[PDB]
Amino acid sequence: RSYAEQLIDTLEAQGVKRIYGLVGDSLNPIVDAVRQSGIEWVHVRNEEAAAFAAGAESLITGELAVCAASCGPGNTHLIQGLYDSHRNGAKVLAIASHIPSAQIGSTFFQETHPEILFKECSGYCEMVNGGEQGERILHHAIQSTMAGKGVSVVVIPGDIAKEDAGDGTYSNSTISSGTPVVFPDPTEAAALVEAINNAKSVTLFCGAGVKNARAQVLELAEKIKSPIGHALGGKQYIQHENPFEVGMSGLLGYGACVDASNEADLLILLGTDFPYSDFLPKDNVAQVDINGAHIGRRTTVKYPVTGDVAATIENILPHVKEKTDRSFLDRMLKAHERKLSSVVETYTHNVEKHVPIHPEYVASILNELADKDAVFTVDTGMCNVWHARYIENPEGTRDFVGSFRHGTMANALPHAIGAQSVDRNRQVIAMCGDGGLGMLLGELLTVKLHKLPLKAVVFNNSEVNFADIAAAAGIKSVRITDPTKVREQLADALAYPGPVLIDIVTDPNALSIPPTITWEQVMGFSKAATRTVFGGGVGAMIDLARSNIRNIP
Amino acid sequence: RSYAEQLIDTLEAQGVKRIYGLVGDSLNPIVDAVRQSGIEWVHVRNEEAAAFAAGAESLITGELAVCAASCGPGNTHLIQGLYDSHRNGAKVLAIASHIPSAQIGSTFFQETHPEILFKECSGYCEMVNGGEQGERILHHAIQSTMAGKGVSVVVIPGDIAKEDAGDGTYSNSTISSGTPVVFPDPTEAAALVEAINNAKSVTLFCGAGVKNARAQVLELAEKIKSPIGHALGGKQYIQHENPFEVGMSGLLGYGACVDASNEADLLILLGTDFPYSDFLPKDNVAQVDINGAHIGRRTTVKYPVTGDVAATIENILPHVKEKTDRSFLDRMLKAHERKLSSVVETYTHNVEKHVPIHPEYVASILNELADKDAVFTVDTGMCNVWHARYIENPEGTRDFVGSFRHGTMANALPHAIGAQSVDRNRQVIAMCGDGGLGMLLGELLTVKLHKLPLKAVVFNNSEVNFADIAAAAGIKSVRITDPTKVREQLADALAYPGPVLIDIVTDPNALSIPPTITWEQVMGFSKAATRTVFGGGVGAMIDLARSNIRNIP
Amino acid sequence: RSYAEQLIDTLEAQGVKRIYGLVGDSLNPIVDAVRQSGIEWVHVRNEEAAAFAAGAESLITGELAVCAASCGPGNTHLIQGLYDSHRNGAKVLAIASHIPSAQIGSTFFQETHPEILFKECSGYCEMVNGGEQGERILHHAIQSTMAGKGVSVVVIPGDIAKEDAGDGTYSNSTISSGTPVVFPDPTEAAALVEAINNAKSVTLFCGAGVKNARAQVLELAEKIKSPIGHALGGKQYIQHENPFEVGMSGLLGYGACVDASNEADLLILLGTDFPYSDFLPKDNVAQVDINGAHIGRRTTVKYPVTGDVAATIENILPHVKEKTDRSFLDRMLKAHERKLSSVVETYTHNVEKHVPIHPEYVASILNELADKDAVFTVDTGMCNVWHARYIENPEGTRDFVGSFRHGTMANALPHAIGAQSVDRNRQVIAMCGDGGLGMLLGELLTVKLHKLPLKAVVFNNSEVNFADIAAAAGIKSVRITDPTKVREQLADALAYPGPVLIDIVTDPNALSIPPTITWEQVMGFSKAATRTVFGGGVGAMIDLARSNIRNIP
Ligand SMILES: Cc1cc2nc3c(=O)[nH]c(=O)nc-3n(C[C@H](O)[C@H](O)[C@H](O)COP(=O)(O)OP(=O)(O)OC[C@H]3O[C@@H](n4cnc5c(N)ncnc54)[C@H](O)[C@@H]3O)c2cc1C
Ligand SMILES: Cc1cc2nc3c(=O)[nH]c(=O)nc-3n(C[C@H](O)[C@H](O)[C@H](O)COP(=O)(O)OP(=O)(O)OC[C@H]3O[C@@H](n4cnc5c(N)ncnc54)[C@H](O)[C@@H]3O)c2cc1C
Ligand SMILES: Cc1cc2nc3c(=O)[nH]c(=O)nc-3n(C[C@H](O)[C@H](O)[C@H](O)COP(=O)(O)OP(=O)(O)OC[C@H]3O[C@@H](n4cnc5c(N)ncnc54)[C@H](O)[C@@H]3O)c2cc1C
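See below:
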C-alpha cells in the first residue's frame, strides 16, 4: 500500500471522521484513499474555510480535526484559519499537499516553501521526504497537537503520496491525549495563600482556563466573599448561575468588573491572558496559569503560580481562612446591577419599536429563541458586542466559537460548517455581519452541498438583498425588516429543518462610542487607566444580577 | 506633519493615483492622509483582492501600484496576491499596517510577525521603527521594486503612522525607474553565433521576455528561416502577425510547436522560463535571458547567454549568415496548419448548435466581439485553456492578466478591478470559472461601489443562477442558455455602459483528456518525452496559420 | 555512480580545484569522491574558516569557490563566512551536509533546519531530496552564484549522497558566467549630462564598482576637472597613479575627500554604497550603480542612473562639455596635501624611535617591504586603520581581502588560507590584531598541514608570546620588540620560504580619538554633518599627493 493509504488508515484508526478541504489535483491520491475509507471528505468551496471548519470541530469535540489543501496557493489559504485554530488551542492537523519533489528548488509552477509560512501558527511543521519518514512525522505531528503544543502541519510533495507506506512502527503507536493533573509548586501556592489571607477584599478574574474549574472557583469565592469577573474567553464557563457575577472588562465590557478588579485589596487572575492592560490594576495581583510563560504578560504580578486552576484551588483551600465580612461583595453586586440597569435605560428604552431594526433587539430575541444547547459562531466585528452583551449560556450547555484572539473577519460561516458537521441534529447559529459577507457565496454552496442545517443570521447594515442571493444559490431564506415581526419570523426560520439565511435589515448607526474613547484606546496602546466601555445595552444577564441582589444575606 | 502624511505625500509626488485595500482601524491615520490628498482609496470588500488589483494595475501601466491592509489577519490576506504580483514581475508596494509597537512580543490581540510571511513573495520587506527610519525604508522599498527586484512590503506599527515625519532626505530623492540596455558578454554572443551558423535548421521559442523585441525576433527568423513557437507568457507579444508562427507547447498547447522545437538542429529559448521540461529537447539548446540565474532551469543548455533579447539579437545579426534553405520552416508551417485544422474537425464540428452551450463556442464569439484594445483577465483553471486557444491579440493592442505562474484560483475579478481602475473608458473582460466564484459577492460589491464597468463572463458549469445573485447585489446581469442566442446576448451585454455579470450555462463535460495523459503528466513530474496536449479545438489563430501557408514562396 | 560522485565530477568539469572544510562523518561519501578526483580537499582545523577561505579564493580568481561542512553544528559554522562572502560578492557554493533524511523532523542528534539559517546570507539555498533533483538544484545553485546573485547553499542529507546520480540533463549544461555590458537608460543618462554641464565644480566619489572602469573615470575627471575621492572598497582600484586623488571619507578617512565631496556643485557617486551618511552631502548628488535597488540608500540622490560605470561614462562623454576652469581641483589638491602633511606632523613625528613599537611604523615598513603583487588580508579592527592609511597598491597588482562590509573579527588568517591556496608562489600577508587571535591555533595547524607560506603579521598589543605559540605548533616565528630592528627582522621574516608568524610588540595606546568623536558617531547613527576622522598619520600615499601638486598646470 501507498503512503496516501497509510495516512488515511492511520487517521481513521484514531477516530477521525471528516477531512475538510477543496480538492485540487495534487491531493488526488489522498482523496482516492479517503473515498475508499470510512472518513468523509467535506468539500469547502472557499479553500480558506477548511482550517476554520477543522478548528471549530476540534473545539466542539475535544478531539483531533483535519483539514487539507492542494499545493502552492492552496496551502497558502490555510494560514488564516491555522492562526485562528492555533491561538484558540484547537487540536488540528493540516495536510499541506505540495509540488512534486523533483520540482522543489526549480521555481516551478505554483511553487512555494510552505514550511516558512506556518512557523508562527503551528507547534509542529515538517516536510515528508519518503513513505517511511512520512509515517514517522505524521505520528509526531498528531502527538504534538494532541499533547496541547499547537496546530500541526505535514507538508506532502504530491508524488510521495503514491510511494510505498512505511512499515507501521509509528502508526502502530497509541497517542497520548490525556489531561495531566498539574498541582502548583508548594512555595508558589504558599505565597498565594498568604496574599489571600492578608487581603481584606479579593476579586477573581477568570478566563478560558477555568473551563473545568467552575466548582473550585465558586467554592473559593464563597469562602473569601469574592466578586467574580471574566474575560470574553471565560464568559461561557463562569457567568452562568454565578452568585458572585460582576461582568466583563475591556471596551465590550459591562457591569462592575473593572471597579471590583481595581478596588479589591487583591486581584487573582485565574486562567486568563486578557490583553487590555489599561483595565487592569498593578498594585497587588496574583496569577494562576498552566503555562508559566503566560504569567505577567499583561500587568504587574506579585504572586505568580504555574498550575491548573482546579488543582491549585483544591491545594490552597484548606489553608485559606474563611472571610465573614462580605461588605465589598455586597457593594459590588449592587453597583453591578445598577450599571446594567443604567445602560438598558440609556440605550435600549423602547428598542422593540426602533426602526430600522436595532441589532440589540435581534440579539435579545435570538438568545431567547435559540436552543438551550445551540452552538453560536460569532463573526469578528459588531457581532462580538452582541454575543458578549446578549447571548447567555444557561446551565453551560451552549458552545461558542469565534476568532476572539486572532481577530480575523468572515470566520462565522466557516466555523459553523465545522461545528454543524459534528452533529446534524444540534442547532448551529452563525451571527454574521454584512461586512463579513464578501465570501458568503462559497460558504452557502458548501452548506447546500452537505445539507448542513445551520442558521445564518445576517445583521444587514448595507442596500443588498442577502435573502435573494441565498435563494439564487439554492438556500431557503427570509428577510426581516419590521421590528414587530422579528420574533415571529426568527422563530419560523430557526424551526426550518435545513439551512436558512436570515437577512435582517438593521440600523447602521447602532455602535455608540463615547466622546472620550480615543483611537489609541480602540487600538489598545493607550496607557492611562480606564473604566470606559462602548455604549449600548445588555440583555438577559440582568436576571442573574437581580437574583444575586435578592439573595444577599 | 506625521509619517502617515509623509508616506502619502511621497506616493502622490511619484505619480501614485490609487491605493487598494479594505480599511481597518489600524490604517485610520493613513486613510485620513489619503482623504486629504489627490490619491483615491479603492475599497475592496475582500481583503485578498487588494494585492491582485495593485498587481494588475502595475502590469497595465508599467508604474508603481500600491495596496494596503490592516494589522494581523489583514496583512495575512495580502500573501496570495503578493506571490502572484511578485512572480508576474508587477511593481507593487504593499503597506502592511501592524499592531501598536508597544504590544510587539506580547502575543497581543491579532499579533503576527508579518516579516516572516512575505520573505518568499517580495524583494524587500522591512519594519518601520520610527518616522525618520520609516521615510528611509519607504524610499528603499520603492527603489527596490522600481529597479525590478520584486514586490516590496513596508510593515508599519499603527502608532508610528502618527509620529513625526522624517526630515525629507530620502523622500526628496528621484527614483531610478529606467530600463538599462543589457548587451551580452561578447564570448557568449560569439558561441551563440557559431551554434546558429553550424545548425541547418533553427527554432525560436519565445516567452514574456520578448515583450520589447518583436522586430528583432522577426528579423532573426527571416534571416535563418526559423519557426517561432511560444510559451503562454509570450503568446500576447509574438503570435500576432507572425509569418513563422507554430503555436504553443505544454498540455494547453496547439500546433507544431513541440515538433518544431524537438526536430530542429538548434532550439533557441528567448526570454522564457517555460517549466514543462518533458516538452523540451536536450540535445542542442541555446538560451537568452536577462537574469542569468534563470538560464538552464528547465533543460540542458549548451549556449547560455545573459542579456536582453533585443540587444542580443542586434549584436549577433551582422555575424549570423543568411540561410537560403527554408524546407524545415515550410514543413513546420504546413504541419502546423494541419494540426490546427485536425483539432477543429475532431472536437468542434457544428459546435454552434451544441447543447448545453460549448465553452469553446463562447470563447470564439468573445474573441470576435471584444474590443481591439480590451484587457482580458483569466481565472485559473479551464479559462486558461479558452484564453490560450481562442483569445487573440491582433496588432498587439489587447492586454492579458492572469495567475500564469503562481496559479492561484479566483484571480480574474480582483485582477479586473485593478485593470479597470486604470481607465474607465477601456473595456475589461473577466473570464470567470463557476468554481472560482466562491468569493464573487465581495468582488461584485467593490465593482458596484466604484462603478467599474467591467464585464464578468461566467462559464457556469454548476444549478446556481449567478445572474440572480448579481441582480440581488445591485449589478446588471444576463443569463445565456441557448447557443443560437450567445452572439446577440453577449454583444448586448458587452455594449452595456456599466458593470455586467454574464451568466453562461455551459457544458460541464467540455475538458477532453486523452487516455494516455497520466496524473504524473498533469502534475508535471513525468520524465518521458511527450508531444500530447489536452483535447479541444482552437479559434481565430487558424486564420494566420492559413495566410502563412498561402505566403510560402 | 552516486550523487556524491556526480557532484564532484560536475565541480571538477567546471574548473573547481579545491574544497575547503573540516571533515565530519556525514561528509564521508563526498570526501571519498574528492579523494578519487583531481580536486584537493583543504582541511581547515576551525570549521568557521572554510567559508572565509572559499570567499577569499573566489575574490582572487573571479571563479567559483567551494566550501563544505558536516551536519548540524558543522554547517552552523558556515554562517559567518557566508555572510562575509555574500556581502563581498564572492562566488561561493557551500555544500551543507545534513542529517539522514529518515531522521528529519524527529529532533534527532545534531538536527537543525539549515535552510532557515542561510536565508539572509545567500541568493539560493535548497535541500536535496534525491539524486535527480540534487543534480538539478546543484546546477541552479552554481548558475545563481555565477550570475552574481549571491552565495549558494546546497543542503544534502548524508544518506542521499550515496543514492544514484541523476541522468546528467543539468550537469551537461554550460554555466553562464559572462559579464553583460549594461548601458544606462538614455533618459537617465541625459539627466546626468545636464547635471554635469550645469555644475561649475564636480567631485567623483568611487567605490568597488569602478574596478573595471579606471580609464573611463580618469578620462571623465580630466574633462570636467574633478577631484576623485573613494570609499574603502574603491581604494585598491582608483587611488594608485590618480592625478585627481583627494583621499577617503569616514572615521578611517584622510585628506580633502569630505571637503571636496561637500563643497562641489555636484557630487557623483560611482559604484559605491558607502554607508556613513553624515559624511555625505544632500544638496545635489548623482549616483551610478549597476543594481538599481542600491541607488539612494545613503543620501538624497537627484540624478539616479542604473548601469555599469564604464559603459555609463562612455555613453555620456561625447555630450559632457570640457571644463577649462580647474580652480576647484587645484584648491582641493593643495588642501589634500596640507591635510596629509599635517596628520604626519601631529601624530608620527620621529615614530621610528617610539617605544613600544608604533603600529603605524610597522605598517609603513610593511608597505615598502611587501611584494608588488602581494595579497593583503586585513583583520577587522585597528588593522583596518593601518591598511587604509598605509598599504598602497602601485600599478594595481596587489589584492586586498577583508571583512569590510559584514565587519566580523578574526577573518585575516581564514581569508589568507584561501588566497594563498590559489598560488603558493604569490606572497600573502595577513595583518592580524592580537584581539582577533583567540582562534589562531586552528589557523596555524591548517597552514602547517598544507605548507601554505603566508606571513602572519601580528600587531601584539597584549603579555602573550605569539612567537612561542607558533613555534610550539610547528610554525617558524620571530618576535620584534625593538623599533630599530623592525626593518631588518620583517625583511628576513618575509623572505622565509614557508609559513611565518611575526609577533610584533606594539604600543597599546596607538588609537587616537578626538574629544568631539561621540559613541553615536562611532556607532553610525549621529545625524549632524561631520568632517572629523580618527587621529593618526598616513604613509606613502603622501608621495602621489605631492607629485600631483608639482604637476598642477
Ligand atoms: C472585536 C473584538 C473585541 C474584543 N474585546 C474584548 C473586550 O472588550 N473584553 C474581553 O474580555 N475580550 C475582548 N476580546 C477578546 C480578547 O482579545 C481576548 O481574546 C480575551 O479577552 C482572552 O480571553 P481569555 O483570557 O479567557 O482567554 P485566553 O487569552 O485564551 O487565555 C486563557 C489562559 O488560560 C490558561 N489556561 C488554560 N487552561 C488552563 C488550566 N487548566 N489551568 C490554568 N490556566 C489554564 C492559558 O494558558 C491562557 O493563558 C475581543 C475580541 C474581538 C474579536
Ligand atoms: C492552469 C494553467 C496551465 C498552464 N499550462 C501551460 C501550458 O500548457 N503551456 C505554457 O506555455 N504555459 C502554461 N501555463 C503557464 C506556465 O506555468 C508558465 O507560467 C509559462 O509557460 C511561462 O511563460 P514565459 O516563459 O513567457 O514567462 P516567464 O516564466 O515569466 O519567463 C520570462 C523569462 O523572460 C526573462 N526576461 C524578461 N525580460 C527579458 C528581456 N528583456 N530579455 C531577456 N529575457 C528577459 C525573465 O527573466 C524570465 O526568465 C499554465 C498556467 C496555468 C495557470
Ligand atoms: C572597522 C571598519 C571601519 C570602516 N570604516 C570605514 C571608513 O571610515 N570609510 C570607508 O570608506 N569605509 C569604511 N569601512 C567599510 C565600509 O563599511 C563599507 O564597506 C565601504 O565603505 C563600502 O565600500 P564601497 O562602496 O567601495 O563598496 P560596496 O559597499 O560593495 O559598494 C559597491 C557598489 O558598486 C556597485 N557596483 C558593482 N559593480 C558595478 C559596476 N560595474 N558598475 C556600477 N556599479 C557597480 C554595487 O552594486 C555596489 O552598490 C569600514 C570597515 C570596517 C571593518
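Chains as they are written, first to last, in the authors' numbering: chain A, 3 to 178, 179A, 180 to 464, 487 to 577; chain A', 3 to 178, 179A, 180 to 464, 487 to 577; chain A'', 3 to 178, 179A, 180 to 464, 487 to 577. A prime marks a further copy of an entry chain. Where a beta carbon is used, it is the ideal one built from N, C-alpha and C, also for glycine.
Residue from the options whose Cα sits closest to the Cα of residue i
i	options	result
A'/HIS45	A'/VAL346, A'/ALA70, A'/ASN317	A'/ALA70
A/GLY444	A/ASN30, A/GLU14, A/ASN48, A/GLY40	A/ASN48
A/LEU442	A/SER178, A/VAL524, A/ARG89, A/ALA421	A/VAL524
A/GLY435	A/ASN427, A/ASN386, A/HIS79	A/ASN386
A'/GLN82	A'/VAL68, A'/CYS123, A'/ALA58	A'/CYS123
A'/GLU394	A'/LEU568, A'/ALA192, A'/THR556, A'/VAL430	A'/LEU568
A''/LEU272	A''/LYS202, A''/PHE207, A''/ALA143, A''/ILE158	A''/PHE207
A/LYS227	A/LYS304, A/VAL260, A/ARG333	A/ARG333
A''/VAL36	A''/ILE97, A''/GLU370, A''/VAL184	A''/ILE97
A/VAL529	A/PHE549, A/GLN545, A/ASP506, A/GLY522	A/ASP506
A'/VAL364	A'/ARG407, A'/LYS509, A'/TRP43	A'/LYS509
A''/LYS151	A''/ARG407, A''/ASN293, A''/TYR239	A''/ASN293
Distance, residue j Cα to residue i Cα
i	j	result
A''/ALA104	A/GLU134	7 Å
A'/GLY498	A'/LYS450	7 Å
A''/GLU397	A''/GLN241	10 Å
A/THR181	A/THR314	15 Å
A/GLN429	A'/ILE118	40 Å
A/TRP543	A'/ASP373	48 Å
A''/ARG89	A''/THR410	12 Å
A''/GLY132	A''/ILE162	6 Å
### Query
At a Cβ cut of 7 Å, what residues of the segment 125-147 of chain A'' count as close to chain A, listed as they run along the chain?
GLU128, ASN131, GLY132, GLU134, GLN135, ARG138, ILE139, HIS142
### Task
Note down, one range per segment and in chain order, each alpha helix (DSSP H) of at least 4 residues found wholly within the segment 63-139 of chain A'.
75-78, 81-90, 116-119
### Task
Closer than 7 Å, Cβ to Cβ, to anything on chain A'': give me those residues from the segment 182-209 of chain A', in chain order.
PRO182, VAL183, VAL184, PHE185, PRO186, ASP187, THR189, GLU190
### Message
Quick check: the segment 416-429 of chain A' against the segment 110-127 of chain A, are at least 3 beta-carbon pairs closer than 8 Å?
### Response
no
### Task
Residues of the segment 99-116 of chain A with a CB closer than 7 Å to any CB of chain A'': list them in chain order, please.
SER103, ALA104, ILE106, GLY107, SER108
#### Entry: Completely contained alpha helix (DSSP H) runs for the segment 533-559 of chain A, where each covers 4 or more residues
543-547
### Task
Indicate whether the contact test is met: 3 or more Cβ pairs, each with one atom in the segment 250-266 of chain A'' and one in the segment 279-296 of chain A'', closer than 8 Å.
With the rule of 3 Cβ pairs closer than 8 Å, the segment 250-266 of chain A'' counts as touching the segment 279-296 of chain A''.
### Query
Quick one: any contact between the segment 547-563 of chain A' and the segment 18-25 of chain A'', if contact means 3 or more CB pairs under 8 Å?
no
### the segment 315-322 of chain A' touching the segment 331-350 of chain A', judged by at least three CB pairs closer than 8 Å
no
### Query
Counting Cβ pairs, one atom from each stretch, are 3 or more of them under 8 Å apart for the segment 162-172 of chain A and the segment 130-149 of chain A?
yes
### Query
Residues in the segment 322-352 of chain A' with C-beta within 7 Å of chain A's C-beta atoms, listed in sequence order?
none
### Task
Report the residues of the segment 157-172 of chain A' with a CB closer than 9 Å to any CB of chain A'', ordered along the chain.
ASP169, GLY170, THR171, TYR172
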